[PDB]
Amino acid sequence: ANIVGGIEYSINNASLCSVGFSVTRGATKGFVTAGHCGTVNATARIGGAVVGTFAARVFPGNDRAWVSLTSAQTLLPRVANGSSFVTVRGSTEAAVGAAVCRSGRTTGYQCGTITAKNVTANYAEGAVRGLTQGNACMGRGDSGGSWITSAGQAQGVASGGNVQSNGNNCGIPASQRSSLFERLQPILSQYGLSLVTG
């Protein structure tokens, strides 16, 4: 399958999440996503077909993971945006106040600004530190999905947020949103991965 940021993938035929970014570990293909999306060895499927398995993950504490894919998968330096896409050009972290957008299978492509860094979230499973907060809206299913700037600089992967009964926080003003993401560089660094760029 075509590995693109923001697309839906299932875990163990039980849960859903969104692809973060295409990456490589030497000759090994893969994609980064949220740690809460799957446990080590969990099977990832796209379009019903097995594409890889969770190679490593950390959650809580952090909220990161990467899926090692089969050589048959096609890695692309993109993030879905409607019928088009955003080209991934690098991973330079943007400042607080910078405009950023995220992509996911539920709310699609949504934009806002980075509002805070090094946030500790009190998730039910346990605290996760070091998250970045933005005010673009999101919803259940967008987890693990891409967060990127307008100029194509990959920022991180969706970790969680203050969603409402409807499953998202798009129904409340951006000023009241808490949409959190795990920074990309620490994931790449911990697992020795390289971001696929174009």
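Note that residue numbering begins at 1 and tracks the sequence as displayed.
Looking at 96-104 and 69-77 together, the entry lists the larger mean B-factor for 69-77, computed on C-alpha atoms.
As the entry records it, the average C-alpha temperature factor is higher for 165-173, out of 33-41 and 165-173. Across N122, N118, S84, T115, the greatest Cα temperature factor reported in the deposited entry is at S84. When the C-alpha B-factors of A56, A49, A136, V157 are read from the PDB record, the largest value belongs to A49. Sort the chain's modelled residues by C-alpha temperature factor and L131 lands in the lowest third, per the entry. In the deposited entry, the Cα temperature factor of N62 places it in the lowest third of its chain's modelled residues. In the PDB entry, a CA B factor belonging to the middle third of its chain's modelled residues is recorded for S143.
Among the modelled residues of the chain, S18 sits in the lowest third by CA temperature factor in this PDB entry. In the PDB entry, a CA B factor belonging to the lowest third of its chain's modelled residues is recorded for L193.
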